[PDB]
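Reading through the structure tokens given below for one structure.
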Amino acid sequence: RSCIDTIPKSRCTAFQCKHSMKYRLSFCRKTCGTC
Ligand SMILES: [Cl-]
Ligand SMILES: [Cl-]
Ligand SMILES: [Cl-]
Ligand SMILES: [Cl-]
């Protein structure tokens, strides 16, 4: 997958990164540090 967020990054919160796999893998790969 591409190393970009795919929703506005203000929604890529610490809470979502920590507690949601879909946010880590689909929506917020860059901001969550996934890639
Ligand atoms: Cl994939
Ligand atoms: Cl990548
Ligand atoms: Cl949140
Ligand atoms: Cl899920």
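Just so we're aligned: 23 in the working numbering is position 23 of the sequence shown, and the numbers increase by one with no gaps anywhere. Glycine residues also receive a C-beta, built at the ideal position from the N, C-alpha and C atoms.
Would you report the Cα separation of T31 and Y23, rounded to the nearest angstrom?
Translated into positions along the sequence shown, residue 31 becomes position 31. Translated into positions along the sequence shown, residue 23 becomes position 23. When rounded, the distance between both Cα atoms is 10 Å.
Measuring straight from C-alpha to C-alpha, what distance separates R29 and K18?
By 1-based counting over the sequence shown, the position of residue 29 is 29. By 1-based counting over the sequence shown, the position of residue 18 is 18. Going from the Cα of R29 to the Cα of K18 covers about 12 Å.
Just mark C12 as buried or exposed, buried being the case when its beta carbon has 16 or more other beta carbons within 10 Å.
As a working mapping, residue 12 is identified with position 12 in the sequence shown. It counts as buried.
With H, G and I counted as helix, E and B as strand and the rest as coil, what does DSSP make of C17?
Position 17 of the sequence shown, counted from the first residue, corresponds to residue 17. Three-state DSSP puts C17 in a helix.
Identify the continuous alpha helix (DSSP H) that holds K30 and give its terminal residues.
As a first step, residue 30 must be located in the sequence shown, where it is residue number 30. From DSSP, the alpha helix (DSSP H) with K30 extends over 29 to 32.
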